[PDB]
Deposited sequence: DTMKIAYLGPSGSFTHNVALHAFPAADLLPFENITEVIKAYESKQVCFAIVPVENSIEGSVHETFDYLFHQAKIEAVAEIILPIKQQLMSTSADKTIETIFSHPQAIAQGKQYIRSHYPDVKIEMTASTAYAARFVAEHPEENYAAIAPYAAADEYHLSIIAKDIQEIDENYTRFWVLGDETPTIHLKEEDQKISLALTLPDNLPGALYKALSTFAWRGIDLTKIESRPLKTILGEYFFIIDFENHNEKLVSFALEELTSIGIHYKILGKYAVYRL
């Protein structure tokens, strides 16, 4: 919690976001999302703040590809910013849940799933696991696995209001042979 990396330059939307999450902290700018996250990995900073999704353009490829393939870091808070495109989701990445007293709007968990034989055909099994328990899917996005055409990993968000039910959901995924990476468990602030 001392030093915080954000997507530069100074006065950026991401800068504005990092100020609210960490008002007492030393905020250091980095030139691109990859370097922001690498800054944490190198232990220069304590948390990193990056844009992850926009209401018009969609998910930020750079953020999710790096977080899945390379990083061993989690989203620990989400802040939604109005833009005058309209709304963007920003994640606070780190190792602990920071204390943030902004208006809480939601609880979520984000997963990166890969399927057996990397077949998209078994996606329904993964979604049914959460569906039958009434855990609502709020987002799904596919990204290239960077192996061959037709192999992907999936970014899925679910409501995380009932964390113990979610835990069983994840256990069932495992029992089915579906592999997942937890990208984050976090509160959503607007």
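The deposited chain is incompletely modelled, with C-alpha atoms absent over 1, 86-169, 276.
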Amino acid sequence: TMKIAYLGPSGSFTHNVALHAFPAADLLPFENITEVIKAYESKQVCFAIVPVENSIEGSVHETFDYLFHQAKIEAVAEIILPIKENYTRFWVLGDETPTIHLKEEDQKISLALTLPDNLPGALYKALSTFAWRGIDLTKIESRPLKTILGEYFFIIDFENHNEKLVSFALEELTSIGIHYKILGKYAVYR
From here on, numbers count along this sequence of modelled residues.
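For the pair 150-158 and 38-46, the mean B factor over Cα atoms is greater in 38-46. As the entry records it, the average C-alpha temperature factor is higher for 27-35, out of 27-35 and 160-168. Residue set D106, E78, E74, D117: peak C-alpha B-factor at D117 (per PDB entry). Of the candidates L183, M2, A5, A187, the one whose C-alpha carries the top B factor in the deposited record is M2.
The deposited CA B-factor of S55 belongs to the middle third of values across its chain. The entry lists a Cα temperature factor for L19 that places it in the highest third of the chain's modelled residues. For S110, the recorded CA temperature factor ranks within the lowest third of the chain's modelled residues. Among all modelled residues in this chain, the alpha-carbon of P144 has a temperature factor (C-alpha) in the middle third.
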